[PDB]
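Each chain gets a letter, A, B and so on, in the order the sequences are listed, and its residues count up from 1.
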Amino acid sequence: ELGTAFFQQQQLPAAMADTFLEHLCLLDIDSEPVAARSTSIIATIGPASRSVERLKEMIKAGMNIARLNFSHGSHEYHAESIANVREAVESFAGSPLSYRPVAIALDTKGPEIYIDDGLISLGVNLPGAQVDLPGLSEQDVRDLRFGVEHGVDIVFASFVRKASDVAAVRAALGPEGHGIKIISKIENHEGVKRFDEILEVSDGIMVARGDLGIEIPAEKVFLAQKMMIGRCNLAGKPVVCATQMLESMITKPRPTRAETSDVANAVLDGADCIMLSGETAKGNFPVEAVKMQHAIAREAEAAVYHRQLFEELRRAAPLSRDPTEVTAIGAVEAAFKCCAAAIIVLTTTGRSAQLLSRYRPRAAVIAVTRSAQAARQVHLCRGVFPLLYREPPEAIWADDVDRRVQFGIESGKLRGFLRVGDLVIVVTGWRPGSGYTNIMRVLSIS
Amino acid sequence: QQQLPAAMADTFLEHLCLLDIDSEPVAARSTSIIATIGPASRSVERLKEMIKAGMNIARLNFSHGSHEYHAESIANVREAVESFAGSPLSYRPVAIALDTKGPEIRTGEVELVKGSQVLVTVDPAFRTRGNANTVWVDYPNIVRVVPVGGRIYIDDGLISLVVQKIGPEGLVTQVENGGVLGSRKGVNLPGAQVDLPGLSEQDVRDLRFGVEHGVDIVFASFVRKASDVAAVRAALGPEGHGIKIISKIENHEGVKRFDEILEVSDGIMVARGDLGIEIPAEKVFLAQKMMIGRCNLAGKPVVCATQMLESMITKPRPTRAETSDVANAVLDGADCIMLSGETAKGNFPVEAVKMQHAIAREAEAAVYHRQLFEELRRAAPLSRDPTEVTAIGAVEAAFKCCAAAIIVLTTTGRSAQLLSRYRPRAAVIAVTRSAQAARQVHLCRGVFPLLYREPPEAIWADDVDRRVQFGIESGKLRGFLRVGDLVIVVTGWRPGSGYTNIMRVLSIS
Amino acid sequence: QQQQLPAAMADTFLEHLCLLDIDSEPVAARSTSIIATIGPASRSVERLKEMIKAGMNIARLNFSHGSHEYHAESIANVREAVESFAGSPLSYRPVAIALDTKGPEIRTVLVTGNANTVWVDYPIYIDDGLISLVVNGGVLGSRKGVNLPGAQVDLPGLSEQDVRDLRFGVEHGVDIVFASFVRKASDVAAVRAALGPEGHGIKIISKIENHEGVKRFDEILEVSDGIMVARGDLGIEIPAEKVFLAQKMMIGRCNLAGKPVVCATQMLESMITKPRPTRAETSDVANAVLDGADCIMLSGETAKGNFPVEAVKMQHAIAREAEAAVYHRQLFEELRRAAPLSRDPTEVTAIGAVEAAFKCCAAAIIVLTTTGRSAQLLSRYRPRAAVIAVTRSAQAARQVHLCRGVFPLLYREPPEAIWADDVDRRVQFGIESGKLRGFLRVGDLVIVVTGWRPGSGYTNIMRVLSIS
Amino acid sequence: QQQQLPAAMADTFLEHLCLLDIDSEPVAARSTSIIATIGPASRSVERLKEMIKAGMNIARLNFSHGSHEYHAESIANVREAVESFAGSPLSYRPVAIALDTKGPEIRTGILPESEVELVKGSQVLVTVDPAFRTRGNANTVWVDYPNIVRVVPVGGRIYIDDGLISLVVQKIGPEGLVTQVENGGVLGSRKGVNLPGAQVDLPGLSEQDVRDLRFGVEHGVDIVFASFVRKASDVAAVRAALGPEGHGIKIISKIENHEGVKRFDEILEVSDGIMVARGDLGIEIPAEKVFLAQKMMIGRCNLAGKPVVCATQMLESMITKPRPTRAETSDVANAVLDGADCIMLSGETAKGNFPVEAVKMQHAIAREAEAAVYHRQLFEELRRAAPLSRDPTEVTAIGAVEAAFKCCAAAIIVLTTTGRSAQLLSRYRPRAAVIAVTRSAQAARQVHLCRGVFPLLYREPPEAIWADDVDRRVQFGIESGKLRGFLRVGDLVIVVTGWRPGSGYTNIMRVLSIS
Ligand SMILES: Cc1nc2c(s1)c1cnn(Cc3ccc(O)cc3)c(=O)c1n2C
Ligand SMILES: O=P(O)(O)OC[C@H]1O[C@](O)(COP(=O)(O)O)[C@@H](O)[C@@H]1O
Ligand SMILES: O=P(O)(O)OC[C@H]1O[C@](O)(COP(=O)(O)O)[C@@H](O)[C@@H]1O
Ligand SMILES: O=P(O)(O)OC[C@H]1O[C@](O)(COP(=O)(O)O)[C@@H](O)[C@@H]1O
Ligand SMILES: O=P(O)(O)OC[C@H]1O[C@](O)(COP(=O)(O)O)[C@@H](O)[C@@H]1O
Ligand SMILES: [K+]
Ligand SMILES: [K+]
Ligand SMILES: [Mn+2]
Ligand SMILES: [Mn+2]
Ligand SMILES: [Mn+2]
Ligand SMILES: [Mn+2]
């Protein structure tokens with residue numbers, strides 16, 4: 001079973017290797033990946049990526065999260081950016097089976113001798129020399145309030161140095177902002193040393209390599225990146241790799257060999273999301289940069305050694321009596337046995353999708369939700385493909401479950417994620433409401 | 001408890017160092033016990049005590065006894081077994097297996113002069129002239145299968161003779177080990193390609209008897225080739241299509257052609273008695289472990305047999321070697337262990353069943369589960385069969401929650417067998433309407449069969465849930481489940497076998 | 001290929017099992033040493049010669065029966081049988097002599113002498129745990145051993161009779177003491193003290209016979225030279241279905257510690273009366289070798305039975321097959337990982353030589369040693385290649401039988417004038433010995449382990465040589 | 001710890017990652033050799049002295065440009081810079097000289113600065129009619145490779161000028177290939193052509209390569225980077241042009257196109273090593289697939305025990321800037337973690353403004369990456385994958401590496417004539433430095449290809465007794481290691497020698513304490 005032609009795509013020969021060395025030796029440039037790209041793409045909004053028509057092209061190219069850099073720009077500037085992103089996003093809502101949710105992330109200005117990205121020794125950086133600035137500014141507080149008022153999904157918190165820095169952020173978001181995800185940016189030596197306590201109170205991490213590369217020796221950034229990716233992977237919390245991934249594409253139509261390798265290796269490290277800064281904020285090829293990250297991620301996701309990664313994630317995760325976790329790991333294992341084209345999961349808060357994503361299945365996790373915010377926020381979790389369901393409930397709940405599953409199948413077919421004859425794993429619960437996921441089924445498509 | 005520190009170890013060496021004589025087993029015994037029926041074990045009262053002690057499969061040795069004798073054994077077994085049918089929540093199915101006589105080469109008191117000279121003839125005139133320097137055998141082709149230098153063992157391999165010459169009179173032999181030969185006693189032709197028929201005529205009448213009396217399993221003696229298995233299945237006829245054929249590997253050719261035999265069998269018996277004569281005794285453990293390992297790989301049941309607790313025929317306690325042999329068979333991966341003389345004729349048949357049960361529980365907890373499961377996972381090929389996909393998903397889920405059990409609904413047993421091959425720590429509670437399948441699934445380690453008796457409900461989904469609740473209630477009464485426990489439930493999307501495709505995580509109430 | 005080498009190269013333990021082959025023939029060199037108990041069936045010089053040829057490496061003197069004069073006769077007959085082969089040095093097999101202590105023993109319903117009231121020698125299991133009395137039973141006899149598993153006992157860690165027996169062993173130059181019913185580290189120190197300064201070179205093997213010994217195993221092992229899993233008494237002290245747990249635990253911890261371990265009792269019991277063992281008994285011997293046992297033991301099979309030599313031959317035949325079936329790939333990896341890093345050039349050289357031998361499927365590792373330590377550090381990493389140890393010390397040649405896979409050759413010639421020449425002559429003596437014994441053939445690779453200067457403690461050199 | 005040893009001891013790769021420590025400084029010497037391309041920014045004797053001190057191990061001469069006299073000047077200044085350290089033999093660093101051939105090329109025709117625009121969606125004809133050699137324009141391009149009309153089927157593509165312009169063959173006709181412009185651009189004269197996925201008929205050697213290869217032999221270059229190697233016969237043609245006098249020269253095959261990737265195994269078997277020529281590879285196959293080819297090729301050379309080089313744009317931004325980008329520093333680190341024996345600088349040292357700082361950056365990155373290797377799984381997999389062998393040099397090598405790990409040996413000192421004994425130690429990736437003592441100056445330079453080998457040139461004449469000569473070179477290796485910081489008093493070393501003179505008889509491993 002499993003056709004001979006199907007077994008030579010998606011780097012499946014390298015997938016069945018008994019050793020990592022053989023896994024490397026069997027990687028094949030003719031082995032084509034699936035269309036579903038698991039690693040989400042964060043694009044920074046700026047002069048080059050602010051118009052509604054430009055944003056439409058970046059959505060089709062693969063942008064999942066739009067980053068607002070509050071280091072620059074008035075609230076009126078950012079309100080117009082949010083208005084333009086939402087206009088381009090909703091411009092596709094007339095076609096539910098192809099609609100792509102897009103999250104909006106607010107990046108704080110933060111606490112802002114080296115000058116000019118650390119280019120001249122004596123933006124300004126003071127490495128080692130511990131300085132005084134508090135966790136949250138008084139302009140940060142006004143910016144975060146702007147985030148709640150305009151309904152942003154994610155906060156990128158700059159220069160997080162300790163757990164209390166995160167709590168100050170969460171306090172500024174307020175009770176109405178309790179649902180916003182907080183990604184703590186690790187930007188200096190202190191944040192690295194206090195990483196374990198920062199991660200426990202955050203929803204995720206951004207390896208902010210720009211400032212980190214000035215605050216610590218440039219030779220050491222990859223050590224910090226691979227440490228933080230593994231620790232969030234172990235913790236099952238999303239991790240973002242950022243800064244200068246395709247830097248030369250600011251002026252050039254094609255990246256360097258080091259840049260494509262950097263995106264690929266960030267994906268192989270286990271990063272949930274990869275980021276573009278000047279490549280989309282200022283550069284001359286914002287859409288091409290998005291297209292390049294999409295293409296590399298597809299290749300690198302197939303080149304992950306899932307065999308060992310799944311085993312180690314399984315051994316490191318503690319035993320659980322939560323039926324959502326138990327169902328998730330079983331569905332992921334079941335998906336590996338059949339190379340299921342997808343895991344289709346129903347979720348309202350996104351947790352069931354995240355618990356599937358944390359075991360890193362090869363199969364795409366197609367998440368059908370009625371919550372527009374959850375559809376935006378699950379882009380943080382690798383391999384989750386969110387579908388916004390818009391119909392009012394069927395009268396029998398079981399019929400309403402089945403129709404959402406069918407909606408996931410129909411959207412997967414249209415997008416090239418699913419074909420007739422594919423096996424799919426379907427994850428649901430035994431009753432409506434969040435928290436009751438406990439069922440895994442094996443279905444053939446059509 | 002249950003050797004959890006040893007099972008979590010990073011290495012096998014540390015797993016060994018963490019084994020704990022004070023850590024008590026709490027899981028139910030998963031290795032099935034086969035007990036040979038004989039004079040010590042034909043009492044209905046004794047059979048009831050053997051059921052409660054742990055007997056899962058009753059073996060009828062057709063090497064001896066008439067059809068009427070075995071019909072009585074069958075009737076006493078079923079009476080003892082059905083005596084528990086009034087409480088369906090605790091009723092234990094018990095399989096009945098027919099072990100065939102098989103091709104038995106036989107001779108014609110006279111002493112075998114060690115180092116002497118004895119000839120073994122084929123001529124029919126010498127069938128009654130047996131003595132110190134004449135032996136006759138009913139196998140005519142013995143003269144064409146054992147060359148010069150090959151050996152001929154007699155009476156359980158304690159008297160040996162080597163071929164020195166070949167000639168018209170017969171085979172010219174010399175006595176290697178001495179003894180005195182009786183009247184028509186067992187002969188073995190080690191290493192030689194014995195081309196006796198794959199089925200005696202006695203075997204064909206016995207297999208017809210077994211079909212007529214509804215036996216669940218055939219232990220097929222001296223299986224050397226795939227065609228030997230097909231000969232057995234032919235004699236069962238398609239009236240015996242549902243009977244499971246377990247092939248007894250008993251000689252050198254069977255070990256060599258094992259893979260061809262396993263492919264056409266439902267399982268294997270490591271018949272160490274005959275095998276220990278047909279090949280050197282010091283090589284039997286190699287063949288045992290090879291066969292157990294490859295049946296584990298193929299997901300097919302394997303039985304370890306013969307002399308596991310031999311001294312308990314006359315003594316109330318086993319030796320240290322016998323204790324270790326039973327334990328190491330479980331550690332090897334054997335689905336079933338067997339008692340022969342210990343239950344057929346010995347003085348402590350119940351105590352022998354109790355011992356095997358007690359040893360099996362300790363060994364099952366001493367298994368290095370971490371490496372076993374990982375290796376069975378990677379070795380089992382990718383599959384698009386939904387029952388296969390659900391089974392491995394279910395075993396994975398059971399490990400994550402430390403599930404008390406995996407409840408599975410099954411018509412033929414296959415869905416339980418596909419769970420069993422991944423060796424979950426959780427018990428596989430199999431709920432079936434098929435009384436025969438309830439008995440036959442004892443061959444698969446870790447499956448606990450429950451026979452469902454109620455007639456079908458009007459709504460199919462109501463009938464599914466009733467069966468699931470039947471497994472819940474049986475599990476609670478037998479000690480497998482507690483309130484607050486998590487269980488994995490495996491079902492299908494439509495009636496009939498072959499459509500298993502659902503795995504659920506449920507809390508017990 | 002032979003030696004189960006296809007199974008040796010499997011990537012998983014499951015495939016290792018799957019590839020085992022009854023037609024794959026093993027190497028003549030048998031690594032697991034055989035201990036045979038001396039008794040009426042194994043006492044004549046002519047019978048001991050047959051058991052030496054059959055494969056007996058250590059002679060066990062059971063000091064629970066027989067007088068001091070009786071055991072001197074046994075010692076004298078063993079040394080006469082052993083030295084009867086000394087005239088051919090290339091084939092001389094050293095044999096060690098082990099003293100097994102009586103230990104704390106309680107010998108012989110109303111227990112306070114017939115079949116209604118039983119007298120005992122100490123203020124309940126009798127007949128090797130076959131009869132149960134409680135303040136379940138069978139048929140008794142006269143003079144019986146009594147086990148009391150549970151309530152704690154007032155017998156000392158070393159009796160006066162035991163002390164007298166230990167001093168007998170020093171005076172008669174035994175190589176090994178099997179210390180009965182060791183429960184604590186203090187019990188071993190008591191044996192080391194009764195052996196005195198004149199007996200400081202004797203190896204103390206602690207016998208684990210009860211629940212307390214299992215519990216305090218780590219502290220007992222740390223002060224012992226090795227361990228005997230005494231399954232006879234241990235099988236009466238703890239439930240019979242749990243002895244296999246204690247055996248495998250103890251064999252694993254000794255293998256990790258690098259100290260020898262003995263598996264004993266009823267391994268081939270039915271051969272006391274029958275010429276062939278049962279299927280369970282050959283499995284128990286094979287599984288003891290697969291567990292990692294350095295030595296296997298025969299007691300009644302050689303002491304009192306009617307087939308003592310055939311019993312030695314059976315253990316020899318099984319051990320060879322089981323040794324080849326060991327999954328060295330995973331065992332060596334796990335031994336390397338668990339052993340701490342070392343700055344000792346002897347241990348550093350040892351693990352390199354074992355690795356090198358696996359790479360070339362070397363027929364043997366030839367090591368020069370005086371105390372035996374260089375050979376033990378090789379044995380510790382469980383190579384498939386035979387460890388041929390050439391030594392001038394007769395005692396080391398006997399005692400090194402405790403370590404699995406060490407084949408001792410006693411070298412007798414005075415030193416050559418150039419020490420480099422004296423080294424080569426001893427290496428050559430091992431090569432010639434291995435050729436005659438069938439360990440080596442022309443074209444084989446061997447690993448030669450020596451040191452850079454004379455005297456113990458300087459092993460630091462590993463050489464790859466092809467046999468001419 | 002230091003050395004990232006808590007991470008290397010971890011039981012899983014996941015926990016190994018979590019335990020990487022930015023505050024754990026490396027103490028072992030840098031094992032991945034650095035190749036620096038010689039050019040205007042690196043041709044002066046004093047600048048080359050700076051780069052040798054910064055860590056340059058191999059000097060790359062790019063015969064794609066420059067005259068024979070130009071490259072002979074490059075060789076003279078390199079050798080003058082290298083030999084200015086020879087007066088202190090205990091610290092003299094051999095520096096290899098590698099010749100990178102221009103290789104077979106396909107180029108367009110001459111239309112001065114005359115330029116034309118190939119418009120997107122246009123119709124352009126590619127012809128090799130010698131009458132069209134000069135008649136280039138916006139709908140017609142000539143190329144100097146006549147078999148182009150046979151190797152590019154309809155729907156196949158033709159790239160021009162570093163892949164800036166893309167053409168798709170629509171029909172095969174008598175005049176040539178009629179193509180539609182897929183990606184437009186401005187076309188100059190004599191621009192390079194690439195035929196992605198095509199089986200290119202060009203010989204393994206251009207006629208200029210033959211001349212350059214003889215120049216290399218006559219000037220004693222140590223290494224050849226053979227361009228555009230697509231099959232075993234290409235390597236054979238390179239070998240033949242070097243002749244018997246160039247038989248000691250090492251041949252590193254540059255894998256540059258799709259065929260070379262697919263036929264990698266037959267190429268590697270007849271090669272001394274491989275270069276992942278990512279620059280050309282990224283034009284010949286999709287850019288997002290290059291990392292697949294890099295990791296496959298590094299793994300298969302790791303498995304075969306043959307050196308592998310990763311090249312192109314590793315620190316590209318440092319051509320104009322004193323600090324690399326975050327992507328570039330990660331690219332160097334990940335090439336080392338892949339298992340690359342060498343890393344390369346091209347424009348960063350040939351023409352950039354910071355050549356010495358680029359060499360310093362690669363040295364500092366590689367030192368961090370080498371300690372961040374999950375050594376436990378790497379050595380275990382290399383060990384089990386390496387087959388059984390009855391060759392005593394192979395047996396001694398794995399024995400020495402195992403012993404080095406057991407004692408955390410500071411170094412493995414090995415005596416070698418050709419370098420093979422050092423290479424056999426290097427293939428098992430020990431963390432101990434492999435200190436190779438040789439009398440051959442060429443072998444000393446060439447073993448820089450093998451990761452973890454640190455060559456020392458022995459200059460003394462042979463002692464009377466051979467056993468004295470061996471011990472002298474061993475002590476020379478010890479005294480060199482002490483002076484260079486490899487070895488301290490009280491350290492343990494693994495010394496690897498043989499039983500008789502001449503190469504091929506390595507069979508002894510010794511454990512020694514230093515001083
Ligand atoms: C999901 C996983 N990712 C990795 C794994 S598992 C792994 C395991 N081992 N090693 C070291 C090694 C081993 C063999 C080689 O040929 C090269 C490197 C790795 O680097 C390595 N990675 C990056
Ligand atoms: O991931 P979440 O937020 O816990 O939601 C999972 C829930 O979705 C469902 O599948 C469907 O629930 P709804 O019909 O209320 O959307 C439930 O069975 C399950 O509890
Ligand atoms: O294990 P088997 O023999 O394939 O049978 C499993 C079958 O049992 C069921 O759960 C119920 O079967 P029935 O209702 O026909 O008894 C099916 O859904 C499933 O196909
Ligand atoms: O194992 P031991 O007792 O430490 O002896 C090993 C010793 O044997 C030798 O190989 C030879 O020593 P001798 O010549 O004194 O017997 C030494 O080089 C080495 O130190
Ligand atoms: O690595 P290579 O080229 O095979 O050479 C290793 C050789 O080096 C030697 O030490 C030779 O020493 P010489 O330089 O004196 O010839 C031999 O022992 C060994 O055969
Ligand atoms: K039978
Ligand atoms: K070039
Ligand atoms: Mn920053
Ligand atoms: Mn039989
Ligand atoms: Mn005892
Ligand atoms: Mn090129």
Side-chain angles (χ1 to χ4, degrees), chain C residues 3 27-29 90 345-346 348-369 374-375 377-379 381 383-391 405-409 411 416 418-452 458-468, chain D residues 388-403 414-415 420-421 424-425 466-467 470 494-511:
Chain C
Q3 319 181 27
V27 153
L90 296 174
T346 299
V348 173
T349 309
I351 198 176
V354 168
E355 179 76 273
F358 276 124
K359 181 67 165 184
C360 56
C361 289
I365 294 151
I366 299 173
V367 61
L368 267 43
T369 190
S374 289
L377 280 176
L378 286 161
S379 183
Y381 290 106
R384 163 179 294 269
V387 173
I388 295 176
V390 181
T391 181
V406 178
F407 300 79
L409 313 175
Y411 192 78
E416 294 300 330
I418 283 75
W419 177 78
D421 289 344
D422 193 64
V423 167
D424 294 335
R425 279 249 302 183
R426 286 182 268 168
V427 180
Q428 212 51 42
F429 179 77
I431 287 163
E432 294 308 316
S433 313
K435 287 169 137 161
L436 168 58
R437 299 162 187 246
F439 302 163
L440 306 178
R441 298 163 335 194
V442 178
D444 280 339
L445 281 202
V446 298
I447 312 293
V448 178
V449 174
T450 59
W452 63 276
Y458 298 108
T459 288
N460 77 312
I461 297 172
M462 177 224 104
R463 290 189 281 119
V464 184
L465 299 190
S466 63
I467 294 302
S468 323
Chain D
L388 309 169
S389 170
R390 291 165 53 90
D391 170 55
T393 312
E394 280 250 23
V395 178
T396 315
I398 199 176
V401 163
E402 187 61 75
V414 57
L415 268 51
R420 178 167 168 265
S421 291
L424 285 178
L425 298 155
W466 178 69
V470 170
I494 309 305
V495 185
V496 170
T497 53
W499 64 273
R500 91 167 211 75
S503 99
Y505 305 104
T506 284
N507 78 322
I508 298 165
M509 179 258 289
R510 291 190 276 137
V511 186

(request) Identify whether the distance between the nearest side-chain nitrogen and carboxylate oxygen of C:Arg426 and C:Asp422 falls below 4.0 Å. (result) yes
(message) Does any part of the side chain of C:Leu409, heavy atoms only, come nearer than 4.5 Å to the side chain of C:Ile388, both counted from C-beta?
(response) yes
(request) Any chance you could measure D:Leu388, atom CG, to C:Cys361, atom SG, to the nearest 0.5 Å? (result) 5.0 Å
(message) Strictly distance-based, threshold 3.5 Å: is any side-chain N or O of C:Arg463 a donor or acceptor partner for the main-chain N or O of D:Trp499?
(response) no
(request) Might you point out which heavy atoms bring C:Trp419 and C:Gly451 nearest each other, and give the distance in Å? (result) CH2-O, 3.3 Å
(message) If you compare all heavy atoms of C:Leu440 against all heavy atoms of C:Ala364, which two are closest, and at what distance to 0.1 Å?
(response) CD2-CB, 3.8 Å
(message) Does any part of the side chain of C:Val427, heavy atoms only, come nearer than 4.5 Å to the side chain of C:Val390, both counted from C-beta?
(response) no
(message) Determine whether a donor-acceptor pair (N or O, by modelled atom type, separation under 3.5 Å) exists between the side chain of D:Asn507 and the backbone of C:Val464.
(response) yes
(request) First locate atom OG1 of C:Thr349, then atom CE of C:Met462, and finally report the distance between them rounded to the nearest 0.5 Å. (result) 9.5 Å
(request) Would you check if there is a donor-acceptor pair between the side chains of D:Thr393 and D:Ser421 at a distance under 3.5 Å? (result) no
(message) If you compare all heavy atoms of C:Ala357 against all heavy atoms of C:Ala385, which two are closest, and at what distance to 0.1 Å?
(response) CB-CB, 4.0 Å
(message) Is the shortest side-chain heavy-atom distance between C:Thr459 and C:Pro345 below 4.5 Å?
(response) no
(request) Would you check if C:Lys435 and C:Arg441 make a side-chain contact, meaning some heavy-atom pair closer than 4.5 Å? (result) no
(request) Applying side-chain contact (heavy atoms from CB on, under 4.5 Å) between C:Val449 and each of C:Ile366, C:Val354, C:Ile365, report the one that passes. (result) C:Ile365
(message) Given 3.5 Å as the limit, does a donor-acceptor pair link the side chain of C:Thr391 with the main chain of C:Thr369, or not?
(response) yes
(request) Enter the distance from C:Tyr411:OH to C:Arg425:CZ here, rounded to the nearest 0.5 Å. (result) 3.5 Å
(request) State, to 0.1 Å, how close C:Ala28 and C:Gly438 come at their nearest heavy-atom pair, and which atoms those are. (result) CB-O, 4.1 Å
(request) Kindly compute the distance separating CD1 (C:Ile431) from CG (C:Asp444), expressed to the nearest 0.5 Å. (result) 11.0 Å
(message) Nearest 0.5 Å, please: how far is CZ in C:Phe358 from CD in D:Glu402?
(response) 11.0 Å
(message) Salt bridge check, D:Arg420 against D:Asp391: does any charged N sit closer than 4.0 Å to a carboxylate O?
(response) yes
(request) Please round to the nearest 0.5 Å and tell me the distance separating atom CD1 of C:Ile447 and atom CG of C:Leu378. (result) 10.5 Å
